[PDB]
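All remarks here apply to the structure that follows.
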2 protein chains.
Amino acid sequence: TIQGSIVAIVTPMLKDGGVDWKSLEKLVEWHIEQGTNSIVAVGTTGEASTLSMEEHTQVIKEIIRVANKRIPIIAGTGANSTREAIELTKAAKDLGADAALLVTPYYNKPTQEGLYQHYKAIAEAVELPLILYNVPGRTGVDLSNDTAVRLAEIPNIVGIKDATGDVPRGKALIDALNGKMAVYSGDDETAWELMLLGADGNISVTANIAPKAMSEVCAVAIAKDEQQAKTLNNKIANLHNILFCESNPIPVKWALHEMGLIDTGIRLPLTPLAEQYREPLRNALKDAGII
Amino acid sequence: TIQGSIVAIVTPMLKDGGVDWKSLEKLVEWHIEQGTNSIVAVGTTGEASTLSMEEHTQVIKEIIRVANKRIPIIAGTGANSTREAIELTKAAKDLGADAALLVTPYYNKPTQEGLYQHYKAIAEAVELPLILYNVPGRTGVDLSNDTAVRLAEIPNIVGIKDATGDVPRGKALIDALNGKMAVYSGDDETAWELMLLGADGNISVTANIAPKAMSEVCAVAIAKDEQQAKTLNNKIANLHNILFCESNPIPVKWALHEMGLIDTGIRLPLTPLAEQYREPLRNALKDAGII
């Protein structure tokens, strides 16, 4: 039921890597003021991989605190161990998250039936709305549309973040589901299209630096206004591409630093955006009217 | 300096998923008796992903205890967080492992420089021999030959497990290194060829079920006996293929169970080998004279 522009928020860090709580609080407020409809806390863009379990909990807790019930908060709780994903998802439920986002197990390459059992075990273990998340290029596995349609029958599985950027395939999924669960784009470049084709929203990277613009793109696309979606998305289309010059969230964190909103902290193995991309990113920010 | 057949040993489990300590002991002994040259504890094939930190330590400790210095033990200590990789690698050094095997960070897709900094940071934090491990199909990142050659300059980085299965590229890496660090095959199907071309060994899945045969394949290939390497590898060639009919270690654990050496336990999201592949596997085992 969460719809619209859902930012996959970065986890602001001090130069030494520590979580920058003050900047995080200001970012959450800014998103709410600018039109963001929901926030995914500690997803891929939020460096879930390099935060400790305690930090994971604290970031979710702080975002929910600052949001103060004004928008729904989705907690990233994926893991490549079913046992761990249950533990993280239970923690998010106890913290009062509105839903959890669970990327498919990465690296260990479960079978389709293994993906089914993984998500079924978590759904039966924790009474919380769960959103699947498929991003094959990062995980080494591709949760098929057929498996997604099967999982939509499981109570508590309420949606899927489709980051394939394969629009025909996403439309096929939306059509097959016939409303049984939601479909969210996980690909900013094509999100406007998927939303015009029936997706419920965009779990976005670009929304981190253009939250108002993305809120508008999702609103007109969800309203099925093809021309307004095209026109408004065209203004920020180059941002969707440049925010991936190096692996996300490397560019988007640098962008937010050029905007003056967060410091340079980012945890190894990730690195600050390579020096050569900084001027081109600043130009893209200026071209889009962000700085 | 470690050469030959290095088994990426499974972690035997009881039906409920608990570690099967007694079966692990018997396997370690069997490998020593059968000619295996080294064991990788808690690698990919050992389900590192679904073992807890305590279990990761217990398994390394137990394999070291049973091996009693007869063959070197390499501990899998890879993580997608540099801080966690440091901790796991320190623990392995403290437990007395001879070396550590560290897969490239998965899922978060660091840059080549990030991979460089990642491994440099670990090598500088822990004085223990480190073996890189590249398997892009699982991790979403490819540690290039260029980056590997840079890392060979770092004290404590003593080798790389190349699981690409791309022989020309493997040969190019061997030739570029010119002895600066070791190259191990991480692809059973092509390991015999890479060893004939200069690799120091094979960190093998097939060795789990044919330790004697793979130890002989490695020895003759390392001695550059092309005819004997081809002859001996032919006797187990179909095993290299069938052990990947579903994601490793699913098939190998089922093979060991058909051999009567471990029970069926395997942790979600992994699943017991699908029934459709069991007769073909049993037939391949009978063909190879294993059962």
Side-chain angles (χ1 to χ4, degrees), chain A residues 8 40 43-45 48-49 76-82 85 101-119 122 130-152 157 159-174 176-177 181-191 193-194 197 199 202-205 240-241 243-244 246-250, chain B residues 44 49 80 103-111 134-143 163-165 244-248 250 268-271:
Chain A
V40 165
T44 323
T45 306
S49 298
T77 64
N80 64 358
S81 153
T82 305
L101 178 71
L102 294 93
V103 68
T104 58
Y106 37 82
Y107 183 65
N108 56 357
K109 307 193 301 173
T111 66
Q112 295 298 121
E113 180 60 19
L115 290 174
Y116 178 81
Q117 294 298 331
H118 169 79
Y119 284 119
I122 297 157
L130 307 180
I131 298 172
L132 316 178
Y133 169 21
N134 190 44
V135 55
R138 290 180 178 271
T139 65
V141 72
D142 182 359
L143 188 148
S144 74
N145 281 351
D146 283 352
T147 301
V149 169
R150 290 177 61 196
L151 282 169
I157 294 184
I160 177 170
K161 176 184 173 185
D162 178 356
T164 60
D166 184 336
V167 178
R169 178 182 158 158
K171 181 42 157 172
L173 174 57
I174 284 165
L177 287 168
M181 77 173 166
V183 173
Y184 299 103
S185 174
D187 181 66
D188 282 298
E189 182 179 8
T190 57
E193 307 182 55
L194 209 71
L197 294 168
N202 176 29
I203 293 170
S204 172
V205 174
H240 307 323
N241 286 144
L243 289 177
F244 301 88
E246 292 202 299
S247 297
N248 174 55
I250 293 175
Chain B
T44 311
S49 297
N80 65 349
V103 71
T104 58
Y106 38 81
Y107 184 65
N108 53 2
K109 301 194 306 177
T111 64
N134 189 44
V135 54
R138 291 179 178 269
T139 65
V141 74
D142 183 357
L143 175 83
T164 64
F244 299 86
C245 54
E246 289 204 303
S247 299
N248 174 62
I250 292 173
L268 283 171
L270 299 190
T271 42

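What's counted below: heavy atoms across the whole structure, side chains too, no hydrogens, waters or symmetry copies. Below, chain A is the first sequence line, B the second, and so on; all start at residue 1.
Partners of A:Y106 by ring pair (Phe, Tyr, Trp, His ring centres under 6.0 Å), not counting sequence neighbours, listed by chain and number: B:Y107. Scanning for side-chain contact (heavy atoms from CB on, under 4.5 Å) contacts around A:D146 gives A:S144, with sequence neighbours left out. Under the salt bridge (charged side-chain N to carboxylate O under 4.0 Å, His left out) criterion, B:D142 pairs with B:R169, not counting sequence neighbours. Shown here are the side-chain contact (heavy atoms from CB on, under 4.5 Å) partners of B:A163, two or more places apart in sequence or in another chain: B:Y133, B:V135. Every residue two or more places apart in sequence or in another chain was checked for a side-chain hydrogen bond (donor to acceptor under 3.5 Å, both in side chains) with A:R138, and none qualifies. Annotation: side-chain hydrogen bond (donor to acceptor under 3.5 Å, both in side chains) contacts of A:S185 (sequence neighbours excluded): none. Listed by chain and residue number, nothing satisfies the side-chain hydrogen bond (donor to acceptor under 3.5 Å, both in side chains) test with B:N108 (two or more places apart in sequence, or in another chain). Applying the side-chain hydrogen bond (donor to acceptor under 3.5 Å, both in side chains) criterion to A:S81, with sequence neighbours excluded, gives no partner residue. Taking the side-chain contact (heavy atoms from CB on, under 4.5 Å) definition, one finds that B:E246 meets it with A:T111, B:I250, B:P251, B:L273, B:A274, B:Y277, sequence neighbours left out. Residues passing the side-chain contact (heavy atoms from CB on, under 4.5 Å) test with A:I174 are A:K171, A:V183, A:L194, A:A199, sequence neighbours excluded.
Using a 4.5 Å heavy-atom threshold, the side chains of A:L243 and A:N248 count as separate. For the pair A:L143 and A:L151, the minimum side-chain heavy-atom distance is below 4.5 Å. Considering only heavy atoms from C-beta on, A:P110 stays 4.5 Å or farther from B:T271 through its side chain. Taking 4.5 Å as the limit, every side-chain heavy atom of B:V103 sits out of range of all side-chain heavy atoms of B:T44.
Note that NZ of A:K109 and CG of A:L115 are 12.5 Å apart. Values are rounded to the nearest 0.5 Å. To the nearest 0.5 Å, atom CG of residue A:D162 and atom CD1 of residue A:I160 are 6.0 Å apart.
In summary, of the residues considered (A:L130, A:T147, A:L132), a side chain to side chain contact (heavy atoms under 4.5 Å, CB included) with A:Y119 occurs for A:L132 alone.
When all heavy atoms are compared, the tightest approach of A:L177 to A:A152 is CD2-CB, 3.5 Å.
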